[PDB]
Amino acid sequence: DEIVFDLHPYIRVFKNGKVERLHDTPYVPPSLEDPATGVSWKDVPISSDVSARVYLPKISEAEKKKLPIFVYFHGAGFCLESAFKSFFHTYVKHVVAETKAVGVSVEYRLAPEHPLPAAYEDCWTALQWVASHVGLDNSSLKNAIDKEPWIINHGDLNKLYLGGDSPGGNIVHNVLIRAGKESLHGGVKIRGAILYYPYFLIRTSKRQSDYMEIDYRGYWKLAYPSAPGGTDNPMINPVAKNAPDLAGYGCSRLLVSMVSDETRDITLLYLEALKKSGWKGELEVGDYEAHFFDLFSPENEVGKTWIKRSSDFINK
């Protein structure tokens, strides 16, 4: 009955420790050869704490080479939604259908039940599980209970991509820093990453709207209550004094995408820092006149454009 934290319409926490997410989109079960898209998906165990939705597009006998692998870390606050719920599942399904990629959409542990850095560790665990397929054939499945045939048969570990939106984009950033410090299994490398609307807190020269100065900062306090340095913690402020060098990103290619709202001023400060960092790689930028939610649906022109832009990046 008793409420300790209230964020309508997204999340409520009760005194008894119950968490309610009334806005969250519905669960969508596994499906073989979706009528609309031809895509198939399956929910696989990675650890006792981590799982993922794997996606396989419809493949023609003529299309003889393994596909790029797209590993996705969903957004929504560090505290909402699921790889298995309609919002992110439908988007990933469309990116997989357009790109012709093996998808891996990570079900990481949410705050506040599991504060950061749980999400970061879970997304690293999932990316290492993808990399662990290096050099395997179907005979590996006799003794490895956790390996995914769709990756063994249809996924090219020379074409490994990350993606994330909002806090998921923040997770991509933190995973790329870790990938520069710690090699993935078998020397697998991340070829590229797509950060859409990444969740960063950087001090703009001019005060922004109350939404940016209050609400937008509040997600970090909910996600990581004990964060050393608060909103200047390097995991949320990538240009903090003590922050890891952006030159250390463990990938060669980046697509960073923004829409025409106040977050664009923070993303521009991130891009300025990345460009000055001496990161050795190709940076591409999407800069759209649109609302954030529009880009997830191909039912919108800008969504069709964005999903095609993602496909063109992964397939370059």
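The first residue of the shown sequence is 1; numbering continues from there.
*Asks:* If you average the CA temperature factors as listed in the entry, which stretch comes out higher, 235 to 243 or 173 to 181?
*Replies:* The stretch with the larger average C-alpha B-factor is 235 to 243.
*Asks:* Do the C-alpha atoms of 164 to 172 or of 226 to 234 have the higher average B factor in the entry?
*Replies:* Higher mean C-alpha B-factor in the PDB entry: 226 to 234.
*Asks:* Reading the B-factor column of the entry, which of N143, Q128, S105, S86 has the highest value at its C-alpha atom?
*Replies:* The listed residue with the largest C-alpha B-factor is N143.
*Asks:* I'd like to know which of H74, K159, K206, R109 has the highest C-alpha temperature factor in the PDB entry.
*Replies:* The listed residue with the largest C-alpha B-factor is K206.
*Asks:* Going by the CA temperature factor in the PDB record, which third of the chain does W279 belong to: lowest, middle or highest?
*Replies:* Highest third - that is where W279 ends up once the chain's C-alpha B-factors are sorted.
*Asks:* Using the B-factor values recorded in the entry, state whether the Cα atom of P29 falls in the lowest, middle or highest third among the modelled residues of its chain.
*Replies:* Lowest third of the chain for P29's C-alpha B-factor.
*Asks:* In terms of the chain's CA B-factor thirds, is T267 lowest, middle or highest?
*Replies:* It belongs to the middle third of the chain when residues are ordered by C-alpha B-factor.
*Asks:* C-alpha B factor of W41, ranked within the chain: lowest, middle or highest third?
*Replies:* According to the entry, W41 has a C-alpha B-factor in the chain's lowest third.
*Asks:* Sorting by Cα B-factor within the chain, modelled residues only, which third would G187 end up in: lowest, middle or highest?
*Replies:* Ranked within chain, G187 CA B lands in the highest tercile.
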